[PDB]
Amino acid sequence: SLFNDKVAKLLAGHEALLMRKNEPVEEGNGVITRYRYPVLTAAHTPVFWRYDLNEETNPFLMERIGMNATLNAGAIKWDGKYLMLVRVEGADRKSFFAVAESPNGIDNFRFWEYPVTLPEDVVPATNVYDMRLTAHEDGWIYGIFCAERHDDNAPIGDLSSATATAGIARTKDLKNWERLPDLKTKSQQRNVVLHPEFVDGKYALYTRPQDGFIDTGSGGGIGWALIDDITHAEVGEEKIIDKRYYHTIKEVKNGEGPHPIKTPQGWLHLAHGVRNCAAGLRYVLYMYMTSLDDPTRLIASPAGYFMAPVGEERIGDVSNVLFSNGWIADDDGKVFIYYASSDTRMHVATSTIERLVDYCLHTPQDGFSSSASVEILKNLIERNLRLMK
Amino acid sequence: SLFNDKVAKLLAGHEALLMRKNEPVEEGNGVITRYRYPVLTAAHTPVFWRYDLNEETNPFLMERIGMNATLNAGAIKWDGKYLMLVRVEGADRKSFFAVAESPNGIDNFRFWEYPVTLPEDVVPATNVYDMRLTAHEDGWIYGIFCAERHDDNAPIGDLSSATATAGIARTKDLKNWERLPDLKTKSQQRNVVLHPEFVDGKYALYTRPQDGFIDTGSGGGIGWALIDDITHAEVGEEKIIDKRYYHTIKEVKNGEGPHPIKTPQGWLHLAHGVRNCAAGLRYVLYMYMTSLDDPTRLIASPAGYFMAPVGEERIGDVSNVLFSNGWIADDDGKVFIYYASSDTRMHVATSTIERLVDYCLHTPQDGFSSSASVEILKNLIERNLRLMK
Amino acid sequence: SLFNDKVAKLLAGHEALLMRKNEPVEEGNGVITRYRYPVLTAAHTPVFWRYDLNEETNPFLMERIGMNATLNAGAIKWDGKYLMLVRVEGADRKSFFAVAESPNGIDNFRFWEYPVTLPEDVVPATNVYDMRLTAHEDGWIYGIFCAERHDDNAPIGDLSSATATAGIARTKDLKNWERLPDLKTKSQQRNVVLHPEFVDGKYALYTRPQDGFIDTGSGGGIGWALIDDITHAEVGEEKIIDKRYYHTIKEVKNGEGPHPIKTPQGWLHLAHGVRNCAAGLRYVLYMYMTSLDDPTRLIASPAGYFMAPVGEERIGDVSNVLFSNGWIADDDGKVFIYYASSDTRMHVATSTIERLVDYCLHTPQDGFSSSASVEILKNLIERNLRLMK
Amino acid sequence: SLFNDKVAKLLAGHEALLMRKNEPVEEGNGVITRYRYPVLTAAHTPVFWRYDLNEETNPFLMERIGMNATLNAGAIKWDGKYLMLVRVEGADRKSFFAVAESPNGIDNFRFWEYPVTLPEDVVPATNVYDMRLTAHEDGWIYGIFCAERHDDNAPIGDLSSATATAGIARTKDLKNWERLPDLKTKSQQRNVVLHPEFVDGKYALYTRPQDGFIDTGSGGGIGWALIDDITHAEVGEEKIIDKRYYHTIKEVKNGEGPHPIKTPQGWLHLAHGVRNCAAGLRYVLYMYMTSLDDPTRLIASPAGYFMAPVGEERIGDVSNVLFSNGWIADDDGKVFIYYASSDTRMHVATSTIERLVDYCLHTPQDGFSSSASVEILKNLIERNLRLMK
């Protein structure tokens, strides 16, 4: 029948999309390798999430539930596989979480047939997003995410003012999720991330204090907070680890991405930095390192951005944005960086621990002015010209 | 001569552009079919609107009047033809109206040789835009549009503050237009649209009360107002029909598009919804239905967006926008939806009354939260997996 | 060795990029001719600016200093060559100046091996940008640029508030630059430009008074100020030459681009105009002319924009922007216009003095309303239809 | 496993290829419509014909039996479906027959899982090829094909000398084939085709007498032979119906394609014509019509070719060739023409009975000289110019 042929073609086209081999982009900067195709798009969501496949109830074979974007994904190596914890945004503008897995880390990502069922905390949330996964030494996988609600303080007609809390959930199988109490804290928080080891016998969070839902106000950067009990999590002392600076890529706000990778040289961090421009907010990725002895102590601050939107990345629902809350480092040192572009699609970039540490240690630090930038550059030029002779 | 050859080539290239056959995009969602090419762009404006073709006064053969965009078009079936009432924006940043016609509804749109001459109301307007055409049962074609003027209240140096009124004009041939008094109302209005039938013997308008020129403030959504005399139009009672909601595609504002289509199941509406993001305002299209017995009563509210920017649509003068104020439904049920992308160009999408009603009735309603979205999705997945077994 | 082969390929690929022949775009408006490729991108910066080429210190051969954008360039004809004074933005978000030269004006631009060393004025600047070069009759090449600093008045957490001064430097070889005192003035200034001739025996500046760092506030447009001593430059009297207007392409702000070209008909100006839209600020180019007898007197005001973003130009770090602060007119009348798109890359457009003057004189003036625009257009249509008969 | 993933991808890629929607080529001559994609290529053969899918016996997953070409196909409408009787050539250079079916006639052709098992006649054949299917009024489907054998009457070392005979088989299900005795005839024969009706109570064959295996020699064209008993088929009298002509597209040889279609105007024929050129033999398609009352009598001979190689068709194993031995005419008059290009792939072209008859009746007959061609052309030009005036 025509209907059955149509269903068969939808399914076949979907498999062809899912199975497409990714290829590295030859042109690069020697630090990271980009790939020709996104690892996930809205079109990668299962056909059976979007269409009612029953001819009796959907004779025209149209989508019943539109999928809009696959973005800001957490990531974990899981039982031999490369997993993303995807933020999937429906056409209804709500996001939910969904696991996708790949055998190789760069292609053939496929969603688990059901998305994540995440129980509410005591106060229901309207939207949940941007989960960072941490395999903690306590044996649990934690997902720390943003739980967003309408601001009850808002005046008449204001249906946009919102509040953000840090949601905390844990699991041992990524299917059954236990919802713990939202993080208790004196300001708004987003980009909260669990450090994978106890520090002084306590849970350690990366935080991002902010005075408002979008603007950080007095918030100074990426913070560090020790928590006695993750099941009744409350911030007491909070220390800023990586600061915002005028006229850098992290001027207006910043935030930790995935939890950092442990290297022999220190903790290797991936974060985002924001500035304002005539087109709105511009988000790029950057890196820094902290000490193994004292994870609050910066030991590498390469100048500028690590990655910024290139080509197709520049455009989407929220253009001029890269964002990452997930990466995977294999035992052999290979690193798979999962980053969203423009709040619309997921990409992968690859590198190695050795290359990323090299980048952090030997990209000169920002001297914070045009004159300083020129002096650093002239020094490199001089070395190169002498060599090229 | 070289000049004459140049004119001949301008004219020939223009005809080739105008005559190009459109083709449907194979990949779609089963609800609407997109098309490979826009139905109108600035390049579709006549050569003789832009160039002075006289060698004596334009020896270099350069454009004398630049055309910037063809957007936000009304639409009507007219004497066997498919007509758009185009908003054409010049390089001078003023818009004017112009009729374009096609024999088939998807390609070969051609502007009438002269654009629309629209007389001023008592108070002159600086810009006019976004006309909705209504063939009213009273025998007139009405165009309801936005008439914009500088805000006299503005302080020194403020050359941007503006006010919007609903302009009302009528015609029986789309060439001779009678300008009626601007709509009298207690707030700013844009997206005002005439319902095609009398209701309780009165003219019925879709309205969109707004506290400011761009922000709606207390304005609750798309309104309904009965008007005794369209030639002295004044709003008295006003009822909100379709409301804004936090964390939907119509959070910050919304507005009726073209006048709705009458179906056996009810009035079928096409509207736009706006939210804010890091890149600015994002505009998408959505649908709803109201009762034939009581056109103020919602009877279908499919969740989320009906159409959102895809591909080339995402980029233009005002990126991240779809907007529609025109569609045509033929007697056989075929629907031609005319929508602008990014305030720059006009597109067509096709569907049928049956498919659009199916979409409105069977796309689940928004339960307004991530948890609710997940439950709806899990229900569909469960049905499909049982079927696919 | 593999490393040496990699270096050799980086260098070879760079030469292939630099040497690529540009080609004009056939489709145009008869006023300006666009070109297929940008004249500069970040990839055009020398390999030896970005990479450490020594295997001992960079064994992975990765970039040590990322380059982000090449934009807003000044321009001058210099000893037979076509020169841009490029604003180069590093990955660190600081800009610096750098000379690039071409033998023909449309391709084969190559950076001088060292960028510009620009001494600080008494108060150090954080960023410097957008230099206009003027070969003044006094025998010096002046560069007038923006010097930006953090606003000390800013409250806690505000790392974005900034102040702009007009920096002044001069040179006779484009390598050794003398920094003069920043322009003294009662308001913020950006887009300051030196007129190439003395007027009443005084230096003459194009100015752009603004109440704030981004918003002009009461600032009325492009100004004119006579300065007694360029080495102790201070504005006294200041006159607005070209004004902002509601509902034009220069509504919110405007600014002089390069210094104007002297023609037998008057001074030929290139400027930018800004308006706000749902996507942010939109920047286009426009032209005007002033009198040789009195350079403060407007003698041509063609309506609307001269150039606006087309195609690839629309997208970049700061999308929806064209900006020019450099052009070159050869003795034969050929004009090379150097314009940035989206704060990301540099383009060239070509025309002639005769064509640009024709465009300025015969593009109708803006009558400031939709009705006026329609009347101008109908007049041209009528002439053309009579001719085409 | 990696192996199972590879098999899954082979199968998925194959289904995507098989299900691809064909699209008509817009630009045409108004007689036939070509299509963007071939209906069959060697890649369309089943994955399980080429690969051993068992990891135990094919651990590298390589092809065990290469498929080289899908060409010269018969065709029949069968139980509601569109069927080709494909000549499939293996990498071993032998051809075999195989049924492929489509629901619509222009795409989604899929081979039946097993190819045709064709029993040998008394003398074994080395190759079999180019089957024409005839649903005869006697209730059988006949396949008339070429059976080729080596000719040992050849100099030593001559392994190219061959003899072609007409093989005859019949079936009622296209799976079980009965092999009848090869046609007995005084010359070599290829392109023998069964007429679908008895003529004076006898079977009627289109023949093509030829003195050699490749060259026709004295063979004058397409012949007609009445046969008493198709199960002991022997030609007696043989009349040429359509002749070769110097300096036409059928100079060196010609041959009937599929059996002709019955129309109210006569029998509608599709044939091939051959000439020699510097590159070898050139094959094109042409048409002719014969009388219903007397099928030996020509009643239409449009000049020149009907179709000749265009674009991709020009190149393959045997370039510069079109060949057809199959077409289908639906009850509504729509005609699907299945033609091979360059002995490599199968294409479809569509027309209607009305259009093909119009083409045959109104394309002027060949007057056989340049002067005559010019006079015919000048006559049409004269009519057109007077009309265009």
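Labels for the chains are A, B, C and D, by order of writing; each one numbers its residues from 1.
Following the convention adopted for this analysis, a residue touches a chain if its C-beta (ideal position, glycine included) is under 8 Å from a C-beta of that chain, and two chains touch if they have at least 3 such contacts.
Chain pair B-C has a twin interface among A-D or A-B; that twin, with over half of the contact pairs alike by residue number, is A-B.
Counted by C-beta pairs in contact, the busier of A-C and A-D is A-C. Our note on geometry: subunit B versus subunit D, Cα centroid distance of 54 Å, whole angstroms. Put simply, the C-alpha centre of subunit A and that of subunit C have 37 angstrom between them. Averaged C-alpha coordinates give centres for subunit A and subunit D that are 59 Å from one another. Across the assembly, subunit A contributes 279-280, 315, 319-320 as residues in contact with two or more other chains. Taken in their complex, subunit B has these residues touching subunit A: 29-31, 211, 216-220, 244-249, 251-252, 275-280, 282, 303-305, 308, 314-315, 319-320, 354-355, 358-359, 362-364, 366, 368-374, 376-378, 380-381, 383-385, 387-388.
Residues of subunit C touching subunit A in their complex: 46, 48-54, 57-58, 60-66, 68, 90-96, 113-118, 120, 124-128, 148, 150, 156-157, 159-160, 162, 279-281, 283, 315-321, 343.
Residues 5, 8-9, 12-13, 15-16, 19, 103, 108 of subunit A touch subunit D in their complex.
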